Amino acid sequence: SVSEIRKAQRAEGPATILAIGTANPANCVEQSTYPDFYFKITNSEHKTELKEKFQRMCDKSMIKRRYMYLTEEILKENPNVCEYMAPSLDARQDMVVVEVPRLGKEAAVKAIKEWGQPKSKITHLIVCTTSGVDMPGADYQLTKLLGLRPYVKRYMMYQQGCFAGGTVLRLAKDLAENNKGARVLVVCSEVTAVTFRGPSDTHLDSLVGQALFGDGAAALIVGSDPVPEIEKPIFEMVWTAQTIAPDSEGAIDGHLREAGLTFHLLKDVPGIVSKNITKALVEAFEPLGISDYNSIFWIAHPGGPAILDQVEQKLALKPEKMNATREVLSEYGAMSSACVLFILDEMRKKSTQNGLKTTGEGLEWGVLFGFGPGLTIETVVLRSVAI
C-alpha cells in the first residue's frame, strides 16, 4: 500500500534540463561610459578621486555592457534611489514586484516554446529572485501571467543571493526525480533596481556592486524520463552539494533595509573562492574517478573577473575553460542567480552551432558553481548530451 504508492509515484532517470530561455530589460548600458553616467546621475561629479577609482573598476570588470530596468528617466523621478543611503524601499519594491515576474515571464515563454509541450504539463514552479519580496509572491504572479494550472506546486525562493543559480538546480533535481511525470519550470529573475545606490568613498565594497551587477531572467524546464524524440535533453544533473567556506564570515552580506538592499564585502571573496574550490571539486569528482579539471566543461558564477582569474590560476585551467562564463560576463555583467543559467545557454548553443559532439563543449562531464553569501559554494555535477 504505501510502498506501492511510493513505487508508482517516483520517476526513474536523472533530472534533465530540457529547455532554456532568457530575457533582459531593453535598456542597454555601455560599461565604458558608465562611470560618467553613474557619477553624474548620482550628483557625485565633485568626487574626483572616487570617480577615478570607479573608472578603474569598470575598465577592469571585463564587462562590456549590462541590461538595466533602471533608466535615467526612472532615476530622475527617484532621487532617493540615487543617494547612497536614503529611504527608498517602497519605491524599489514597486519597481521589482512588477519587473521580476514580467521579465521572468518573457524568459519562461521562450523556454516553454523550445520545450514544445503543453504548459498544463508543468507540475512544479520554482521562482528565484534576490530583488524584492511580496505576498502572494512572484511565483503566484508568474502562474497567473503564464496561464499555468492553479495546482502547479510552487517554490518561492526570495532573497537568496548570487549562488542561487546552483540552488534552483539542486532543488529542481529532487523535484523532477522523485515525481513521475513532473516537469519543473525554473525561473531566475534578477533586477538591480533594489540595489542601485549612489557612491560613497568609505563604502567601496558597495561601489564594486555598482560596477558589476546587471539584470536578467532565465527559465528552464527540468524533468526526468524525457519522451524520446519529443523532448530533447540538453544537460543531465547527477549530483549536487552546497557548502560554507571556512573563515568567510561576512564575505558577502546583503541586508534589505528601508534604504533598499545593501551589499558589504568584508573578506577576500576571490581568495576565499580560489582556496576552497579544489575541495568542492574533489568532493564532486573523486567518486567519478576524475581528477583532471581541464577534462570537464565548466560553468562558474562570474561574481566579477577576479574570482574567475584566481580560480583559473589556482587549478591551472586552460584559458578556454572559462570562455562561456566570460562571454556571459562580457555581455550581461553578473546577473546574480540567473547568471549561471545564461552560461548553460551560452555553452550549449555554441557547442551545437560549432558542430561539437556534446552540448558540454564536446566533453562528457561538467561542473556548475554558484558563489554567494555565507561564503556559500553551490556545486552541481552535470553530464552533457550527445549532439
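Numbering starts at 1 and follows the sequence shown.
Of the two segments, 329 to 337 and 35 to 43, the one listed with the higher mean B-factor is 35 to 43 (C-alpha atoms only).
On average the C-alpha atoms of 224 to 232 have higher B-factors than those of the other stretch, with 154 to 162 and 224 to 232 being the two compared. By the numbers in the PDB entry, the CA B factor is greatest at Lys113 among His301, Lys113, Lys173, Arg183.
Looking only at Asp134, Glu177, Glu72, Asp139, the residue with the top Cα B factor in the deposited structure is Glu72. When all modelled residues of the chain are sorted by CA temperature factor, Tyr84 is found within the highest third.
Compared with the other modelled residues of the chain, the Cα B-factor recorded for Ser200 ranks in the highest third.
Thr262: CA B factor lies in the highest third for its chain, per the PDB record. The deposited CA B-factor of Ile307 belongs to the highest third of values across its chain. In this PDB entry, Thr192 carries a Cα temperature factor that places it within the middle third of its chain's modelled residues.
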